[PDB]
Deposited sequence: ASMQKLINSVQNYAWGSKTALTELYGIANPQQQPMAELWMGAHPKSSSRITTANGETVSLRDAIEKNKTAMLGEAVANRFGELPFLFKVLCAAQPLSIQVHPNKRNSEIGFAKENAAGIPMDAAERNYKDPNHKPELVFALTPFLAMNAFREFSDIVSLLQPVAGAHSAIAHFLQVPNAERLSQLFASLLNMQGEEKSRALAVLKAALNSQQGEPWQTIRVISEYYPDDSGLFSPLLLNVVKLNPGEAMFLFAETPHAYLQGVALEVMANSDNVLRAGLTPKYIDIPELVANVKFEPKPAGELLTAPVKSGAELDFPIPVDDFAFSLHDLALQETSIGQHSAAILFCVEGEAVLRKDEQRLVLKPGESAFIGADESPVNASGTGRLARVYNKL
């Protein structure tokens, strides 16, 4: 078929919502398992499938790379260069940093030389490149992203100046070097040093109102003994309205705290943890991979561009592109020179290719091979597309 309706994997990670995908999309969950991620793509660990027998989308692409992916993508990447997820964060998730291109090459090589299997838990670097990443809110979405302006951090730390000398040290000279030292010191707190700092913070949670104190309170219910409880004082806390997006830069701490979002990423990721985790953190390595530069709140959301019915979220990389398409009862053409995945965000989409018609209800998606572009879309609501602009 010109258009293939996707059968998609749901990862039942412990932190997933037992209800979100069901409430939003009618996805069946009689056993009430947590449903953390809905995967749309051709990841080797759990590829989407297409149908008349059921086959792996990854296997299908592999047998016909130029036709399915297009020449550009078959040339540059040799596979589907993106994985498209719905993320349902029912609990706050760990603070993460993605290393830059240079350090990714190094860490990938270190782990390869040490013989760490690629799918081992210990494995942090799975790509010799820095892989860019876009998050797009489906429901209101609470997250952290990047360091706040220094004067903001100063105001926020004053109520907890006594928690640790590193905090006092930073307040004395609020610069990048001392921000770095503060971040390392907080992460390295041990025993009674750590418990003292946490007791100061929790006392502050009784006499401070509103954000980011409220976010700290929320996080403390899941990570009551974590030095990452200080992080909303250092990192921008953001509440994305549905339809807003952020592009996560290298060397920049971020965390997803609550809500449902679409995420576009490469198949293989590099991740260093920076708090909100029971796992070991190599602090020197983390610190060597973080850029201690503020990012102003006005710069956090990616600014999309509307042209006709299309809203593009321009991304500073070749690997993938992301757009939203307003559906109308009159057809519009959606074309690209690559493979595309189309996902019904809301309303209902009818896709047409010549004589073939395919209906997607919210939460459903289709794969369109490069050879099959363009398709005509009509209906109501919005269709999200991941594809490649090359």
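K.L.:
Compare the deposited sequence with the modelled residues and state the ranges that are missing C-alpha positions.
P.N.:
The deposited sequence has one unmodelled segment, at 52-54.
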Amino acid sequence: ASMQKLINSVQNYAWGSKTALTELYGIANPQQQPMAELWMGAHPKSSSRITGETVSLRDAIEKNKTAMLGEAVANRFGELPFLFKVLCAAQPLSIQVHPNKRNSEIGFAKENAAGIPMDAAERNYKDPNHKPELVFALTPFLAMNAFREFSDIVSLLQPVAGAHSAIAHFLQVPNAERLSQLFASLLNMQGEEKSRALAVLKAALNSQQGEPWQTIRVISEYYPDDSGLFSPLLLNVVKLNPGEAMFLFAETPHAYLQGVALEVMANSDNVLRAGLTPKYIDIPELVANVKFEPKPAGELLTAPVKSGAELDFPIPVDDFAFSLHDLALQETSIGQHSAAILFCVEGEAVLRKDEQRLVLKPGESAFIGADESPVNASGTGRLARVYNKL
From here on, numbers count along this sequence of modelled residues.
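K.L.:
If you average the CA temperature factors over each stretch, which comes out higher, 276-284 or 226-234?
P.N.:
Stretch with the greater average CA B-factor: 276-284.
K.L.:
On mean C-alpha B-factor from the PDB entry, just flag whether 379-387 or 1-9 is the higher one.
P.N.:
That would be 1-9.
K.L.:
Sorting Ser165, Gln158, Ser185, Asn145 by Cα temperature factor from the record, which one lands on top?
P.N.:
Out of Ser165, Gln158, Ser185, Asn145, the record gives the largest C-alpha B-factor to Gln158.
K.L.:
Choose from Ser94, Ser307, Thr252, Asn175 the residue with the greatest Cα B-factor as stated in the PDB record.
P.N.:
The record points to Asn175.
K.L.:
Please say which third, lowest, middle or highest, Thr139 falls into when its CA temperature factor is compared across its chain.
P.N.:
Lowest third.
K.L.:
Among the chain's modelled residues, which third holds the C-alpha B-factor of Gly259?
P.N.:
According to the entry, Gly259 has a C-alpha B-factor in the chain's lowest third.
K.L.:
Relative to the other modelled residues in the chain, which third contains the C-alpha temperature factor of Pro362: lowest, middle or highest?
P.N.:
It falls in the bottom third of the chain.
K.L.:
Considering only modelled residues of the same chain, in which third does the CA B-factor of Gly41 rank: lowest, middle or highest?
P.N.:
CA B-factor rank for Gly41: lowest third.
K.L.:
Ranked by Cα temperature factor within the chain, is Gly78 in the lowest third, the middle third or the highest third?
P.N.:
According to the entry, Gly78 has a C-alpha B-factor in the chain's middle third.
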